[PDB]
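Student: What follows is a structure written as structure tokens; I'll ask about it next.
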Amino acid sequence: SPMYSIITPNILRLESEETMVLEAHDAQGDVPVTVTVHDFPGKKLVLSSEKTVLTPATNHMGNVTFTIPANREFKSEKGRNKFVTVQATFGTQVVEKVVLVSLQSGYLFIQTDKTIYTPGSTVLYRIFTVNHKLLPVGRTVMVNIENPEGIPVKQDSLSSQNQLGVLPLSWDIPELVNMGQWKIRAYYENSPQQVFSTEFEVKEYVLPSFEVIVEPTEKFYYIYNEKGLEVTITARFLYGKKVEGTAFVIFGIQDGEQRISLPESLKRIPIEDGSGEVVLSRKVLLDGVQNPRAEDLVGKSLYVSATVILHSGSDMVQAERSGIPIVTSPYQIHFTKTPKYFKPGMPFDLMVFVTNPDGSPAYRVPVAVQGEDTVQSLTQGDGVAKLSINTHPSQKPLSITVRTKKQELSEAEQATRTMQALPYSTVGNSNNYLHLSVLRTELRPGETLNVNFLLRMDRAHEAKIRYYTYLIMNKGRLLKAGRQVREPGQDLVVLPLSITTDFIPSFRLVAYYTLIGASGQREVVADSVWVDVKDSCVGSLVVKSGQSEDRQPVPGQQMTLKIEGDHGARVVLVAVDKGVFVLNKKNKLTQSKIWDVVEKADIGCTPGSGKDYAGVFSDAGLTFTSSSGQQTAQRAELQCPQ
Amino acid sequence: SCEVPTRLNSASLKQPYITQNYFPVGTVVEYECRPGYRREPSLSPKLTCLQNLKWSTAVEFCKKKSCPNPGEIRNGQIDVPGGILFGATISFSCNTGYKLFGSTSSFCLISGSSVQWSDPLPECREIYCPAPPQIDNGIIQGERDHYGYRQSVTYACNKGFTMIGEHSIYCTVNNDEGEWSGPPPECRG
Amino acid sequence: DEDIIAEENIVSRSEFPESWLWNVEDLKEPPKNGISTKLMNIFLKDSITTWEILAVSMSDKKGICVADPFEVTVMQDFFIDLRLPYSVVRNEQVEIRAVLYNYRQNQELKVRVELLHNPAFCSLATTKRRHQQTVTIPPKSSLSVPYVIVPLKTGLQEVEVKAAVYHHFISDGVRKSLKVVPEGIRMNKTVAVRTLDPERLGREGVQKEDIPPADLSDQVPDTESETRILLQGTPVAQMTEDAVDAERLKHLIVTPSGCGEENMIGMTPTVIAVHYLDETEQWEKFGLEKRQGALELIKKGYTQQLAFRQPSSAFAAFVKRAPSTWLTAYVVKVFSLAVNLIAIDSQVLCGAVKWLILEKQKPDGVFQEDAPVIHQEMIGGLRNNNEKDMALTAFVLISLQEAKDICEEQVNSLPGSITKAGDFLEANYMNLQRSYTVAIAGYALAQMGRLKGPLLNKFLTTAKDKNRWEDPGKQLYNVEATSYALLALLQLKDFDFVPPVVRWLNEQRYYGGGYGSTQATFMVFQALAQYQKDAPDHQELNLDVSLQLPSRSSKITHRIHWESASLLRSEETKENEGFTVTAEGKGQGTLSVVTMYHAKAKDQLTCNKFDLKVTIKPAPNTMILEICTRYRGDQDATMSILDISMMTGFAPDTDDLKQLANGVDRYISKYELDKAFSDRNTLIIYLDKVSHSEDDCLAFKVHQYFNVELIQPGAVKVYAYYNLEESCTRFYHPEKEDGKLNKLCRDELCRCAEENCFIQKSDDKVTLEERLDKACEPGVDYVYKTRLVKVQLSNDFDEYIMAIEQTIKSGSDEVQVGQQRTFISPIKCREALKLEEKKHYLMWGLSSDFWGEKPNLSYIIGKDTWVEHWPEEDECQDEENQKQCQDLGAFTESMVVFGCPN
């Protein structure tokens, strides 16, 4: 009767605090639990060892937080992934499971001062050394600098110890050097495969002294828009004033990497009061391509090339907007946020994701299920809609198509998309499911989330399910485990889960229950869900003006710089001439790209759920192991499936 | 008559009012800025004598003279406690890994016909660590000419030898003195 | 002047970084709502622009955080933008622009803009003349000011313009620097690419490698050249071939069953499969979960081997049967290998070792067998009779030393028995005929290192084709003897003799299991697991790379071991040296050395894309400017630009512009149109196209509104809209020939000559004292009384062949009386000089007015050259001329007799 379980993350990492969830269901009295971690298969060592006691007053829920030191046994050789044997002794009952170990110590970020540089100058660049939880760590880092052709010309070996995770560095570009794209490559010494890179351009250049912004009225082009692609060429000096001169503008069509220039769209237009208008008429466009069929242009993109010359002929600037999509619909729909498996007879939730042709989230866009007009839902700030459909008990493939219902537009312009959700396979067809629902809203830390636990199963055994077990996954680690009380007859129970800065940017909730039923069979039923959080800083960093707003600065003037940030932190500044960002604005540093990296290194590969319970688990990035034999699938791959 | 114009810190009387003492009412006296102060065009440098035997109240005719911008110190810093005006002081410091060579402070002093910083801007020299120890039966995987703050040295034993210790060591800096994190490893045969 | 800021008081703006404020501040102030607020004072640079300020934070609690950009816009009501290019070619005349901005709402400014003279540049502003234009700038507008120059020294140089307004207290200055570059073109040559591999041709006396420097004989003087050098690493490191795929061992997981012997036949393939899989780390491909299940079967074989263990600590098929030594030596062998796998009791294993030793050892060292095993096929080759005192003593021997470490302290007779069985295999090793008995007997002496000399030789020679130990009969024996031999040379370190054996068993593709396949399986997998754990001689590759360059004193060593994510090392030297590189170890590498520089070239591609001819002729008050252009493609160029600047004090004709403005593929913005005649020094004519077949010519009248003495050549530039670089710029001036400012150059050294042709003066105020003081200061190098014999005319530079009649003072040119020295002058100075043949002159100059070398030196008449007409003899009797004959004659004897004061 007592069934002891153990849960850990799919992939454990080194020099990191991995948490482990210990359980004993239908257990009595106290239960001594000892946890040990051994290398695989040799078992030459004892990397971790903890002891805890499970007590009825914790309802027999334990937790061991352990660390895997970075022994020299772990690396290589070579290309050969390594593994540990997690062992958990409950009294006399022993449960063991092999888990995969990541060498990746965490992350590195590189930041250069400028984006582009002139032969003869110094590139100032800082490396940010942080673990998986993003806090600064002191370790050794190798740093290379590769040329255009992909050749290292310099390698240094350094460590962020006592450097507060801030490693300053410099490199003098020689005056004799190859033009083009240069790369800074850097990696942690204990993990040479995961590499972190930043590009900086080396070119013979001058400052234009003014900027040119080209903006199409719509961020896209609608193939049947007769007016055509109308663009506003604005030009102003860096210090603010608007420019007087003359502009040449041309248009083009891009397909992947191949570009076709439209010679007959070349216009020369007068820039008055720092602005100018120029339009690409549908006619010329269709004339430049040799296709009569218009729909063949959908998927491809358009680019605009601007050349504004000051009436002095003393300065001439080049600009270009690119990747203006040609589309039949002013929106796109994605189910990348929706799970791919439902539970027969239970509500199935859809996370529809509507973007603007560029990739940006579309605000206030109504969407709906075909055949169900009732089911309607609007997109929030992040561009997502929560639609819910009640499903029938049957093993037939659910196929769901969705469209937009944005008014003002036509049915033809509405977007559409179609997925297919398969049924959750039950343990011997017991027809016992669990479903986790979450209110779709742009989540902020400090708010409280209402997690909804809906249970479905025959009345012969509901009175036995008294509690659910939940686990929070974040950044690829176990942020928190816990228990949800349930009384008999309670279909829906709610969990008030407080959101802190630790849940940023995204977190997974997986919860499950177990019981004996059918014909004496031990049953585990689980369900997961992936919830997004408002990407930001764990803390805050604002830079603004200390002085009065009236006092404009003058060359050689002393001015006050206010900095508002987290106490104790260290701030690293830099001031670049906006002329630089007229030449090259790429590979800039943002907090969002940080959260982006953090994101790409999640062990969870699915919006939630799974073909089965061992699937809910492995898909969410966890390993669930028991003393009756109800085990997960052996994860052999560090990367997520294509 | 009014008493002698009161002493001013900025400007001092001109000739020949400085040697006069007979100040009949309705008299104007002209000042000229001291060193180091500069005249404020929009303001009159003259003063006048009142009925109750006083002078026309005036805020100081010459404003305080400014020093030339201290500048920038490659990998060092300039601490400017309170402005760069005549009589001001500034201090110098180097960034970690760099040592100070020169004056630790500078003063805005009066030179000839103007104010100039008392000392020249010093230099911050990269603090190099002493050459890494050569170990028996091993070598330093691709050495280096100079090892600075944070530079690390990786070691490797020869064939038929076993490494026992830290694969590599790094340079730490304490009181402008470079010192190795610790002892290099050993290659036991 | 009056009511303006003088030239020396004005500070030019010099600080124009592209990035600055690379600073580090700490937020240690008292926090309000977990928010600390720090205040910093910064002195903003000299740029007139907008700075973008980006801050990143790091807190051991809140982690990293990138702040939003913060823009600071720095401006001034009046200022100048000096727009230089990145680099300019040396001796090439180019135009630079200086734009004066007036951002005052409704207040026009009468400004004066002046270029400062720089010896490195030859422009209109000199030592002796300023170059100041007076111009008016309307409210909210800009005014372009063109300057033409020619850079005189390669390397970095410095332009600096200044400007001040009239009647107001406003002044501004811009000091920018620009790189002056030599003409040549980039060439990359390969110096040496040799393959670094000790052993193959690189002799056992480890390869030494001599690398010469590069040619660089056509390297244009005063240029750096870098030598980069790379060490490309080789990825090839086959262990043998490949370890045997785990998927091929699926049959080796057998449930142990039966009695004392068969249960060992069932525990054999299972123990040796996991052991091999733990070592080949193929547990993945095989299935990780399957390990726990194979360990349970190994524990099941061992528990069931406990039931056939007799009280004497020995083993036999049954419990009532007499114990077999070979079996007990197999129990010992297998259990000695399944120690790391399961929990093996020491009492049992060491008990059977003690039993074997005390019971089953003859005095003379050879184990004897009393009770042959029922399963005779399970013995392997030992069954084929012949010299079984060896096959057996070697078998039980191998079982005892592999049980060494575990039963050394529990059995004290073990070292002695080991040595005992070894002295005997040692004495009778030379009398063995079978390949098998010698392969086990040598693996049996390999472990003690007592395999040397003649026995060694016989062991190596024993094998056929250097890859196998085969005997007539079954192949299983030959694979078993081969596996013993493989272990024998792995103990031997003989990494040369290994490569061919391994290839043979993999080739055999024996994957164990079969009728009597116990040994074959245990040996082939102990051998292929030790082949993978001992790894012989790395099997990978080790390369030390020591490089010596006579430039540095230090020696550079590069270790390129395998299993390192790099396999690349590169070093660079700024000096072309001869360096030698010794390499060392196993492995095949390569070393390629590349130097880089600029070679002599003639070039002059440009105009690459456009032809241009600009001619300026007089009008029938005004002059005519005709522009002629043409495209150098296969097609007619698209929309091109015609950028024109005017000569100083000149404005284009409005009516002729209106006439060009109207259609005909030509355009001019209303802007250039409504500029008055004043202040129109720049103009842009847009071209809908240009032909590639013939010249496209236009022409318009230009009028002089403002008269000045030193006028600046105008300049025209063509170029298509898509491309700035592929442009052409010609200059135009009515007289000035070639549109080239006056400069005398030889090879690549040239000096500007836009100045007074000589010391401007009239012989009347020039007295004797002013001659003794000016002809004795240090600079003055030479002073001669000369006579003009011959004058040679040209199109650009005149040559006045002066015959020295007396050397008053001698300047580094060691010139005797009678010899000739050529004096050269620009044509514009022919009128200022009026030198005539057969006349005499008093001349003196500096050392900088030298041209040439010593056997052909030429003098140049610069602004410090004193040129004075010496009246003839029949002109000094004349009374009005007297003061000069008498002053020149007194200067002759005051410099000849006495000279200089010192």
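By convention here, the chains of the structure tokens are called A, B, ... in the order presented, each chain's residues are numbered starting at 1, and ligands are numbered starting at 1 in the order presented.
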Considering only C-alpha atoms, extract the chain C residues located within 6 Å of chain A and return them as a ChimeraX atom specification.

Tutor: /C:18-28,31,35-46,49-60,62-63,65-67,73-75,86,570

Student: For the selection just defined, write its residues with N, CA and C atoms to a file, as a CSV table (one decimal), in the first residue's frame.

Tutor:
chain,number,residue,atom,x,y,z
C,18,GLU,N,33.5,58.5,-30.2
C,18,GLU,CA,32.3,57.9,-30.7
C,18,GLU,C,31.7,57.2,-29.6
C,19,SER,N,32.4,57.0,-28.5
C,19,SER,CA,31.9,56.4,-27.3
C,19,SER,C,32.9,56.9,-26.1
C,20,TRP,N,32.2,57.1,-25.0
C,20,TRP,CA,33.0,57.6,-23.8
C,20,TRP,C,32.1,57.2,-22.6
C,21,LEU,N,32.6,57.6,-21.4
C,21,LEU,CA,31.9,57.3,-20.1
C,21,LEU,C,31.9,55.9,-19.8
C,22,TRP,N,32.9,55.2,-20.3
C,22,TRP,CA,33.0,53.7,-19.9
C,22,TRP,C,33.3,53.6,-18.4
C,23,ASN,N,32.3,54.0,-17.6
C,23,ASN,CA,32.5,54.0,-16.2
C,23,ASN,C,31.7,53.0,-15.3
C,24,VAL,N,32.2,52.8,-14.1
C,24,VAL,CA,31.7,51.9,-13.1
C,24,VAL,C,31.3,52.5,-11.7
C,25,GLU,N,30.0,52.7,-11.5
C,25,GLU,CA,29.6,53.3,-10.2
C,25,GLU,C,28.8,52.2,-9.4
C,26,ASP,N,28.9,52.4,-8.0
C,26,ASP,CA,28.2,51.5,-7.1
C,26,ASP,C,27.1,52.1,-6.4
C,27,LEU,N,25.9,51.5,-6.4
C,27,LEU,CA,24.7,51.9,-5.8
C,27,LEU,C,24.7,51.6,-4.3
C,28,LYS,N,25.3,52.4,-3.4
C,28,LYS,CA,25.4,52.1,-2.0
C,28,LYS,C,24.7,53.0,-1.1
C,31,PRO,N,18.4,52.9,0.3
C,31,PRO,CA,17.4,52.6,-0.7
C,31,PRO,C,16.0,53.0,-0.2
C,35,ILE,N,14.9,50.9,-3.8
C,35,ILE,CA,15.5,51.7,-4.9
C,35,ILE,C,16.5,52.7,-4.4
C,36,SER,N,17.8,52.4,-4.7
C,36,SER,CA,18.8,53.4,-4.4
C,36,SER,C,19.0,54.4,-5.5
C,37,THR,N,19.4,55.6,-5.2
C,37,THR,CA,19.5,56.7,-6.2
C,37,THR,C,20.8,57.4,-6.0
C,38,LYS,N,21.7,57.2,-7.0
C,38,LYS,CA,23.0,57.8,-7.2
C,38,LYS,C,23.1,59.0,-8.1
C,39,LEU,N,23.8,60.1,-7.7
C,39,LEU,CA,24.0,61.2,-8.6
C,39,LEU,C,25.4,61.4,-9.1
C,40,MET,N,25.6,61.5,-10.4
C,40,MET,CA,27.0,61.7,-10.9
C,40,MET,C,27.1,62.9,-11.8
C,41,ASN,N,28.2,63.7,-11.6
C,41,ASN,CA,28.5,64.8,-12.5
C,41,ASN,C,29.5,64.3,-13.6
C,42,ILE,N,29.1,64.6,-14.9
C,42,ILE,CA,30.0,64.2,-15.9
C,42,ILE,C,30.3,65.4,-16.9
C,43,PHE,N,31.5,65.6,-17.3
C,43,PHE,CA,31.8,66.6,-18.3
C,43,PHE,C,31.7,66.0,-19.7
C,44,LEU,N,30.6,66.5,-20.4
C,44,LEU,CA,30.3,66.1,-21.7
C,44,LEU,C,31.3,66.6,-22.7
C,45,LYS,N,31.6,65.8,-23.7
C,45,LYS,CA,32.6,66.1,-24.7
C,45,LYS,C,32.3,67.3,-25.6
C,46,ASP,N,33.0,67.3,-26.7
C,46,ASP,CA,33.0,68.5,-27.6
C,46,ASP,C,32.0,68.2,-28.8
C,49,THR,N,25.8,66.9,-30.8
C,49,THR,CA,25.0,65.8,-31.2
C,49,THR,C,24.0,65.3,-30.2
C,50,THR,N,23.7,64.0,-30.2
C,50,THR,CA,22.9,63.3,-29.2
C,50,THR,C,23.6,62.1,-28.7
C,51,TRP,N,23.9,62.0,-27.4
C,51,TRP,CA,24.5,60.8,-26.8
C,51,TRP,C,23.5,59.8,-26.4
C,52,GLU,N,23.7,58.5,-26.6
C,52,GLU,CA,22.8,57.5,-26.0
C,52,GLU,C,23.6,56.8,-24.8
C,53,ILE,N,23.0,56.9,-23.7
C,53,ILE,CA,23.6,56.3,-22.4
C,53,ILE,C,23.0,55.0,-21.9
C,54,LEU,N,23.7,53.9,-22.0
C,54,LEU,CA,23.2,52.6,-21.7
C,54,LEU,C,23.9,52.0,-20.5
C,55,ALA,N,23.1,51.7,-19.5
C,55,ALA,CA,23.6,51.2,-18.2
C,55,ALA,C,23.1,49.8,-17.9
C,56,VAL,N,24.1,49.0,-17.4
C,56,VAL,CA,23.8,47.6,-17.1
C,56,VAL,C,24.1,47.4,-15.6
C,57,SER,N,23.2,46.7,-14.8
C,57,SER,CA,23.5,46.5,-13.4
C,57,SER,C,23.6,45.0,-13.1
C,58,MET,N,24.3,44.8,-12.0
C,58,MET,CA,24.6,43.4,-11.4
C,58,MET,C,24.5,43.4,-9.9
C,59,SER,N,23.5,42.6,-9.4
C,59,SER,CA,23.3,42.5,-8.0
C,59,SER,C,23.2,41.0,-7.6
C,60,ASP,N,23.9,40.6,-6.6
C,60,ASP,CA,23.9,39.2,-6.1
C,60,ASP,C,22.5,38.7,-5.7
C,62,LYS,N,19.4,40.5,-7.3
C,62,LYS,CA,18.5,40.8,-8.4
C,62,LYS,C,19.1,40.4,-9.8
C,63,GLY,N,20.3,39.9,-9.7
C,63,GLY,CA,21.0,39.5,-11.0
C,63,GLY,C,21.3,40.6,-11.9
C,65,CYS,N,20.7,43.3,-15.2
C,65,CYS,CA,19.6,44.1,-15.7
C,65,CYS,C,20.1,45.2,-16.6
C,66,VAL,N,19.5,45.1,-17.8
C,66,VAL,CA,19.8,46.2,-18.8
C,66,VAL,C,18.9,47.3,-18.8
C,67,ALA,N,19.4,48.5,-18.6
C,67,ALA,CA,18.5,49.7,-18.6
C,67,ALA,C,18.2,50.2,-20.0
C,73,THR,N,20.9,65.4,-25.6
C,73,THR,CA,21.2,66.2,-26.8
C,73,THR,C,22.0,67.5,-26.5
C,74,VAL,N,23.2,67.5,-27.0
C,74,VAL,CA,24.1,68.6,-26.8
C,74,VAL,C,24.2,69.6,-28.0
C,75,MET,N,23.8,70.8,-27.8
C,75,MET,CA,23.8,71.9,-28.8
C,75,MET,C,24.3,73.2,-28.3
C,86,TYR,N,37.2,59.8,-43.8
C,86,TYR,CA,37.9,58.8,-43.0
C,86,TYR,C,39.4,59.0,-43.2
C,570,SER,N,47.1,30.5,-32.9
C,570,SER,CA,47.7,31.5,-33.8
C,570,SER,C,48.4,32.6,-33.0

Student: For chain B, list the residues within 9 Å of chain A, counting only C-alpha atoms, and write the list as number ranges by chain.

Tutor: B: 69, 149-154, 170-171

Student: Which one is closest to chain B: C:836, C:68, C:584, C:735? Count only C-alpha atoms.

Tutor: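 That would be C:584, the residue with the smallest distance to chain B.
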
Student: Would you mind listing, as a PDB file with N, CA and C atoms, in the first residue's frame, all residues of chain B that have at least one atom within 10 Å of chain C, where only C-alpha atoms are what counts?

Tutor:
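And here's iface.pdb as it stands now:
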ATOM      1  N   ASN B  69      38.988  72.075 -17.653  1.00  0.00           N
ATOM      2  CA  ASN B  69      38.493  70.732 -17.363  1.00  0.00           C
ATOM      3  C   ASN B  69      39.643  69.764 -17.054  1.00  0.00           C
ATOM      4  N   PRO B  70      39.618  69.115 -15.871  1.00  0.00           N
ATOM      5  CA  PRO B  70      40.668  68.175 -15.444  1.00  0.00           C
ATOM      6  C   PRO B  70      41.007  67.148 -16.519  1.00  0.00           C
ATOM      7  N   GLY B  71      39.994  66.700 -17.255  1.00  0.00           N
ATOM      8  CA  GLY B  71      40.191  65.727 -18.311  1.00  0.00           C
ATOM      9  C   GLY B  71      39.803  64.315 -17.923  1.00  0.00           C
ATOM     10  N   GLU B  72      40.361  63.348 -18.636  1.00  0.00           N
ATOM     11  CA  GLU B  72      40.069  61.942 -18.389  1.00  0.00           C
ATOM     12  C   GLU B  72      41.344  61.164 -18.106  1.00  0.00           C
ATOM     13  N   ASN B  75      42.008  54.464 -17.519  1.00  0.00           N
ATOM     14  CA  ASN B  75      41.758  53.394 -16.481  1.00  0.00           C
ATOM     15  C   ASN B  75      41.985  53.971 -15.109  1.00  0.00           C
ATOM     16  N   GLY B  76      41.545  55.178 -14.873  1.00  0.00           N
ATOM     17  CA  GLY B  76      41.762  55.716 -13.562  1.00  0.00           C
ATOM     18  C   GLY B  76      40.564  56.586 -13.479  1.00  0.00           C
ATOM     19  N   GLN B  77      40.508  57.345 -12.411  1.00  0.00           N
ATOM     20  CA  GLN B  77      39.428  58.234 -12.168  1.00  0.00           C
ATOM     21  C   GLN B  77      39.881  59.502 -11.496  1.00  0.00           C
ATOM     22  N   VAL B  80      36.111  64.677  -8.211  1.00  0.00           N
ATOM     23  CA  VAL B  80      35.844  66.107  -8.090  1.00  0.00           C
ATOM     24  C   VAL B  80      34.853  66.478  -6.975  1.00  0.00           C
ATOM     25  N   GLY B  83      33.495  71.098  -7.520  1.00  0.00           N
ATOM     26  CA  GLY B  83      33.772  71.981  -8.640  1.00  0.00           C
ATOM     27  C   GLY B  83      35.226  72.125  -9.047  1.00  0.00           C
ATOM     28  N   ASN B  95      41.921  52.359 -11.646  1.00  0.00           N
ATOM     29  CA  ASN B  95      41.018  51.227 -11.620  1.00  0.00           C
ATOM     30  C   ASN B  95      41.809  50.005 -11.189  1.00  0.00           C
ATOM     31  N   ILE B 139      54.270  21.652 -18.213  1.00  0.00           N
ATOM     32  CA  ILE B 139      54.498  22.918 -18.906  1.00  0.00           C
ATOM     33  C   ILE B 139      53.208  23.758 -18.778  1.00  0.00           C
ATOM     34  N   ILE B 140      53.235  24.987 -19.284  1.00  0.00           N
ATOM     35  CA  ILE B 140      52.107  25.910 -19.245  1.00  0.00           C
ATOM     36  C   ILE B 140      51.503  25.997 -20.644  1.00  0.00           C
ATOM     37  N   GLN B 141      50.400  25.283 -20.861  1.00  0.00           N
ATOM     38  CA  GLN B 141      49.718  25.263 -22.158  1.00  0.00           C
ATOM     39  C   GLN B 141      49.633  26.661 -22.775  1.00  0.00           C
ATOM     40  N   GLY B 142      50.508  26.886 -23.754  1.00  0.00           N
ATOM     41  CA  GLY B 142      50.589  28.136 -24.489  1.00  0.00           C
ATOM     42  C   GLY B 142      50.731  29.334 -23.572  1.00  0.00           C
ATOM     43  N   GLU B 143      51.934  29.534 -23.013  1.00  0.00           N
ATOM     44  CA  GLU B 143      52.213  30.631 -22.068  1.00  0.00           C
ATOM     45  C   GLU B 143      51.763  32.034 -22.496  1.00  0.00           C
ATOM     46  N   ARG B 144      52.450  33.075 -22.036  1.00  0.00           N
ATOM     47  CA  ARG B 144      52.074  34.474 -22.311  1.00  0.00           C
ATOM     48  C   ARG B 144      53.166  35.368 -21.771  1.00  0.00           C
ATOM     49  N   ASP B 145      53.302  36.525 -22.394  1.00  0.00           N
ATOM     50  CA  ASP B 145      54.315  37.483 -22.036  1.00  0.00           C
ATOM     51  C   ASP B 145      54.047  38.110 -20.703  1.00  0.00           C
ATOM     52  N   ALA B 156      49.821  21.714 -17.774  1.00  0.00           N
ATOM     53  CA  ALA B 156      49.663  20.371 -18.365  1.00  0.00           C
ATOM     54  C   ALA B 156      50.913  19.535 -18.152  1.00  0.00           C
ATOM     55  N   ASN B 158      53.438  16.196 -18.623  1.00  0.00           N
ATOM     56  CA  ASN B 158      53.931  15.429 -19.769  1.00  0.00           C
ATOM     57  C   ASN B 158      53.385  13.991 -19.793  1.00  0.00           C
ATOM     58  N   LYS B 159      53.650  13.271 -20.882  1.00  0.00           N
ATOM     59  CA  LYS B 159      53.198  11.887 -21.023  1.00  0.00           C
ATOM     60  C   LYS B 159      53.804  10.997 -19.951  1.00  0.00           C
TER      61      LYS B 159
END

Student: Please identify which residues in stretch 661-740 of chain C DSSP calls strand (DSSP E or B) from the backbone, and express them as a ChimeraX atom specification.

Tutor: /C:666-667,682-687,690,696-704,714-720,728-732

Student: Which residues are near stretch 11-15 of chain B? Cut-off 7 Å, only C-alpha atoms, ignore same chain within fewer than 4 positions. Put them as a PyMOL selection string.

Tutor: chain B and resi 30-34+61-62

Student: Please dump the current selection as a PDB file, in the first residue's frame; keep C-alpha atoms.

Tutor:
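Writing the result to again.pdb gives the following:
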ATOM      1  CA  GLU B  30      35.613 101.790  -9.672  1.00  0.00           C
ATOM      2  CA  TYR B  31      36.768  98.225  -8.875  1.00  0.00           C
ATOM      3  CA  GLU B  32      38.837  95.693 -10.770  1.00  0.00           C
ATOM      4  CA  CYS B  33      38.524  91.941 -10.098  1.00  0.00           C
ATOM      5  CA  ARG B  34      41.187  90.285  -7.977  1.00  0.00           C
ATOM      6  CA  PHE B  61      31.414  92.471  -9.204  1.00  0.00           C
ATOM      7  CA  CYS B  62      33.839  89.600 -10.391  1.00  0.00           C
TER       8      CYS B  62
END

Student: Grab the atom CA of residue C:275 to atom CA of residue C:533 distance for me, in Å with one decimal place.

Tutor: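 Interatomic distance, atom CA of residue C:275 to atom CA of residue C:533: 11.2 Å.
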
Student: When you look at residue C:321 with a cut-off of 12 Å (counting only C-alpha atoms), what residues show up, excluding the ones that are within fewer than 3 positions of it in the same chain? I need them as a PyMOL selection string.

Tutor: chain C and resi 259-261+308-310+314-318+324+370-374

Student: May I have the residues within 10 Å of residue B:137 as a list in words, using only C-alpha atoms and disregarding those fewer than 6 positions away in the same chain?

Tutor: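 The residues that qualify are residues 156, 157, 158, 159, 160, 161, 162, 163, 186, 187, 188 and 189 of chain B.
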
Student: Stretch 814-831 of chain C: which residues within 7 Å, counting only C-alpha atoms, same-chain residues fewer than 5 positions away excluded, as a ChimeraX atom specification?

Tutor: /C:757,796-807,858-861

Student: Put those residues in a file: C-alpha atoms, as a short mmCIF file (atom, residue, chain, number, x, y, z; two decimals), in the first residue's frame.

Tutor:
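What landed in result.cif:
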data_model
loop_
_atom_site.label_atom_id
_atom_site.label_comp_id
_atom_site.auth_asym_id
_atom_site.auth_seq_id
_atom_site.Cartn_x
_atom_site.Cartn_y
_atom_site.Cartn_z
CA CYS C 757 57.61 84.26 -54.34
CA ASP C 796 55.06 74.84 -64.60
CA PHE C 797 58.55 75.38 -63.22
CA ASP C 798 61.31 77.72 -64.25
CA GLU C 799 65.02 76.97 -63.80
CA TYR C 800 67.46 79.80 -63.17
CA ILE C 801 70.89 78.28 -63.56
CA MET C 802 72.90 80.51 -61.16
CA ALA C 803 76.67 80.56 -61.45
CA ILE C 804 78.18 81.27 -58.03
CA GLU C 805 80.52 84.28 -58.18
CA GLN C 806 81.26 84.27 -54.48
CA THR C 807 80.39 82.18 -51.47
CA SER C 858 68.64 72.36 -56.54
CA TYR C 859 67.57 75.51 -54.73
CA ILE C 860 63.93 76.55 -54.33
CA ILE C 861 62.99 80.26 -54.06
#
